[PDB]
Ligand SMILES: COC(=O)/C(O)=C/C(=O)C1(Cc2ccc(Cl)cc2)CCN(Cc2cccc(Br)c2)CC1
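Shown here is one chain on its own, the form solved without the ligand, set out as structure tokens.
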């Protein structure tokens, strides 16, 4: 495994003995899987890769002569964004076999981001790009995003994230407190 990320996770899983440390390994693996999808997606779309940009930072980058202090800016941190010149695409990457996390984030970003951006006068769209880690299929929320990128030519393989997390869960298959933490 010429993969230091995998080796690092494997060493943590070899060593872990308690449920609270195992829960942090689990959450880290899920985040590493999300970050892997983000890197592959941005490279495939030839857009600059970022991971968590404070909304205040996004506004400052798009509208440099803004007085943030005039507006009520929620301090959310979407994964990335595209500024087209006329429109701001707020980008969030998901890796999930389900829709639930997309709905939670769509509702949050729609109700929190869109009002202040209409105040400032920046045309904004909420974009969520989801990879199914089992099937590799990509789902997109975002009309303008879909028009810009009618296909997403990524080659994904999530198997190693599945392998690591399955080891952790097998190691703690009889630990009720761990199972409740990841439930």
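Numbering follows the first chain given and starts at 1.
Below: the form deposited with the ligand bound, not depicted.
Undergrad: Would residue 31 show up as a contact with the ligand in the bound PDB entry if we use heavy atoms at 4.5 Å?
TA: Result yes; residue 31 sits at the interface with the ligand in the bound PDB entry.
Undergrad: Does the 4.5 Å heavy atom contact test between residue 75 and the ligand in the bound PDB entry come out positive?
TA: Residue 75 belongs to the contact set for the ligand.
Undergrad: Quick one: does residue 93 come within 4.5 Å of the ligand in the bound PDB entry, counting heavy atoms only?
TA: Because a heavy atom of residue 93 falls inside 4.5 Å of the ligand in the bound PDB entry, the answer is yes.
Undergrad: Any of the heavy atoms of residue 132 lying within 4.5 Å of the ligand in the bound PDB entry?
TA: Residue 132: no, not in contact with the ligand in the bound PDB entry.
Undergrad: Taking 4.5 Å between heavy atoms as the contact cutoff, choose which of 52, 144, 123, 136 touches the ligand in the bound PDB entry.
TA: Looking at the other structure, the residue within range turns out to be 52.
Undergrad: At 4.5 Å between heavy atoms, only one of the stretches 23-31, 115-123, 154-162, 61-69 reaches the ligand in the bound PDB entry; which one is it?
TA: Of the options, only 23-31 has residues within 4.5 Å of the partner.
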